[PDB]
S.K.: 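One structure is given below, represented as structure tokens, and several questions about it will come after.
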Amino acid sequence: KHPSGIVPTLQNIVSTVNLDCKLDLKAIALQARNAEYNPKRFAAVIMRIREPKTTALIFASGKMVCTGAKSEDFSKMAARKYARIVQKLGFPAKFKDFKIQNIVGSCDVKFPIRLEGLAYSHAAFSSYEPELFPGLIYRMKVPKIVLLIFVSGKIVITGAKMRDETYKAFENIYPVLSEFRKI
DNA sequence: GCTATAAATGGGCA
DNA sequence: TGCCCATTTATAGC
């Protein structure tokens with residue numbers, strides 16, 4: 001399953017769900033305490049809960065974004081809590097089309113990387129402009145996953161909708177990181 | 001904190 | 001017609 005012997009740690013999950021009922025954001029921001037609505041800046045009510053530690057963006061359309069959870073289950077669970085709070089506030093909220101939209105993972109290969117050599121050998125996939133951002137941007141095609149590679153050996157993997165894509169992206173890159181280990 | 005990465009949502013605006 | 005708007009999270013160097 002994880003030939004490298006390293007398993008990327010899931011750090012952030014963004015999911016979305018349709019409450020399937022229009023919402024009065026101004027009424028939600030007044031009644032709810034764990035909220036903050038400033039439409040001139042963003043069209044959403046920003047709500048937060050302690051467990052699972054997450055943040056929700058609630059829109060008048062009934063659409064909702066859930067960010068911050070450390071697992072897919074935690075995300076859905078948190079999304080359900082927001083929906084219940086909305087329901088309790090007075091709206092006929094449902095839990096329609098729950099979908100995991102992005103999973104962010106990270107791991108440490110515990111060895112330094114020669115980013116410039118890696119970038120040069122994989123120019124079709126890399127973007128390494130150290131003066132702007134210190135990490136190399138590797139946009140993997142299969143699976144379609146973006147990996148941020150640092151000299152420290154620390155790797156961030158994002159864009160996955162299924163955790164196995166995160167795991168696969170890593171396993172695919174491992175041999176490449178090894179080939180360019182900084183000695 | 002800013003730089004960069006992915007993803008979803010929306011109001012505004014050239 | 002597209003783009004930033006704000007939110008989250010790991011990462012590291014101004």
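The figures here come from the full heavy-atom set of this structure, side chains too, leaving out hydrogens, waters and symmetry mates. Lettering of chains follows the sequences in order, A, B, ..., and the numbering in each one begins at 1.
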S.K.: Measure CD1/A:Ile113 against P/C:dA12 and give the value in whole Å, please.
M.R.: 12 Å
S.K.: Look at atom CD of A:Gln31 and say whether more than 12 heavy atoms of other residues, nucleotides or ligands are closer to it than 6.0 Å.
M.R.: yes
S.K.: Let me know, please, whether A:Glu36 or A:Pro134 comes out on the 5' side of the other along DNA chain C by nearest nucleotide.
M.R.: A:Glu36
S.K.: Side-chain N or O of A:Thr55 less than 4.0 angstrom from OP1 or OP2 on C:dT7?
M.R.: no
S.K.: Does the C1'-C2'-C3'-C4' torsion put C:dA10 in the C3'-endo-side north group or the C2'-endo-side south group?
M.R.: north
S.K.: I need the full list of ring pair (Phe, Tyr, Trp, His ring centres under 6.0 Å) pairs touching residues 96-115 of chain A, with sequence neighbours left out, sorted by first then second residue.
M.R.: A:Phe95-A:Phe98
S.K.: How does protein contact run along nucleotides 5-11 of chain B, one letter per nucleotide 5' to 3', with B for base contact, S for sugar-phosphate only, - for none, heavy atoms under 4.0 Å?
M.R.: BBBBBSS
S.K.: How about A:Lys40: does its NZ atom have over 12 heavy atoms from other parts shown lying under 6.0 Å from it?
M.R.: no
S.K.: Between A:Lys40 (NZ) and B:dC13 (P), how many Å, whole number?
M.R.: 10 Å
S.K.: A:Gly68 near the nucleic acid: base, sugar-phosphate alone, or nothing, with a heavy-atom cut-off under 4.0 Å?
M.R.: sugar-phosphate
S.K.: Can you check the A:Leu25 CG to C:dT7 P distance for me, whole Å?
M.R.: 15 Å
S.K.: When syn is taken as a glycosidic angle within 90 degrees of 0, is B:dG10 syn or anti?
M.R.: syn
S.K.: Using a strict threshold of under 4.0 Å (side-chain N to carboxylate O), is an ion pair present between A:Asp164 and A:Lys1?
M.R.: yes
S.K.: Considering only atom P, compute the distance from C:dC3 to B:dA4 and round it to an integer number of Å.
M.R.: 16 Å
S.K.: Using the P atom as the reference point in each nucleotide, state the distance between C:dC5 and B:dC2 in Å, no decimals.
M.R.: 12 Å
S.K.: What is the distance, rounded to the nearest whole Å, between atom CZ of A:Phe74 and atom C1' of C:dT8?
M.R.: 16 Å
S.K.: Okay, side chain of A:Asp108, backbone of A:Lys110: is any donor-acceptor separation there less than 3.5 Å?
M.R.: yes
S.K.: Provide, to the nearest angstrom, the distance between the CD atom belonging to A:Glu131 and the P atom belonging to B:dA4.
M.R.: 14 Å
S.K.: Would you mind pulling out the nucleotide paired to B:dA4, Watson-Crick or G-U wobble, both distances under 3.5 Å?
M.R.: C:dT11
S.K.: Using the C1' atoms only, state how far B:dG10 lies from C:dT9, rounded to an integer number of Å.
M.R.: 22 Å
S.K.: Are more than 12 heavy atoms from other residues, nucleotides or ligands located less than 6.0 Å from atom NZ of A:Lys88?
M.R.: no
S.K.: How long is the straight-line distance from CG of A:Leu118 back to CZ of A:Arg114, given to the nearest 0.5 Å?
M.R.: 9.0 Å
S.K.: Residues in ring pair (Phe, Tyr, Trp, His ring centres under 6.0 Å) with A:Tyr82, at least two apart?
M.R.: none
S.K.: Paired with C:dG2: which nucleotide, if any, by Watson-Crick or G-U wobble criteria at under 3.5 Å for both distances?
M.R.: B:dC13
S.K.: In whole angstrom, give the distance that lies between atom NZ of A:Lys110 and atom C1' of C:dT11.
M.R.: 16 Å
S.K.: Any side-chain N or O of A:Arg41 below 4.0 angstrom from OP1/OP2 of B:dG12?
M.R.: no
S.K.: Measure the distance from CD1 on A:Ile58 to P on C:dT7 and round it to the nearest whole Å.
M.R.: 14 Å
S.K.: Starting at CG of A:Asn38 and ending at P of B:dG12, how long is that distance when rounded to a whole Å?
M.R.: 15 Å
S.K.: Mind checking if C:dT11 and C:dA12 stack, meaning centres of the six-membered rings less than 5.5 Å apart and planes less than 30° off?
M.R.: no
S.K.: From the set C:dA6, C:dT9, C:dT8, return the single nucleotide nearest to any side-chain atom of A:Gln11.
M.R.: C:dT9
S.K.: Taking any heavy-atom pair under 4.0 Å as a contact, classify A:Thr9: base, sugar-phosphate, or nothing.
M.R.: nothing
S.K.: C1'-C2'-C3'-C4' for C:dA6: north (positive) or south (negative)?
M.R.: south
